[PDB]
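Taking my numbering, the leading residue of the sequence shown gets 21, the next gets one more, and so forth.
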Amino acid sequence: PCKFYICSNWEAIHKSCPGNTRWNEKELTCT
Numbered sequence: 021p022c023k024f025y026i027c028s029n030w031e032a033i034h035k036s037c038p039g040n041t042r043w044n045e046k047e048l049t050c051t
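Now the structure itself:
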């Protein structure tokens with residue numbers, strides 16, 4: 021819930037959100 025995935029060519033790369041934020045699917049950004 022504090023990382024998401026970046027898709028590229030049906031390829032899931034791992035990202036993590038900074039500090040105490042969470043991924044916000046609506047805004048497509050950790051908030």
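Idealized CB from N, CA, C, for every residue including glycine.
Span of the beta strand (DSSP E), counted from its first residue to its last, around residue i
i, result
"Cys-27", "23 to 27"
"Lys-35", "32 to 36"
Cβ separation of residue i and residue j, assumed to be a contact under 8 angstroms, to the nearest whole Å
i, j, result
"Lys-23", "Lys-35", "6 angstroms"
"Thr-51", "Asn-40", "Incorrect: roughly 10 angstroms between the Cβ atoms, too far for contact."
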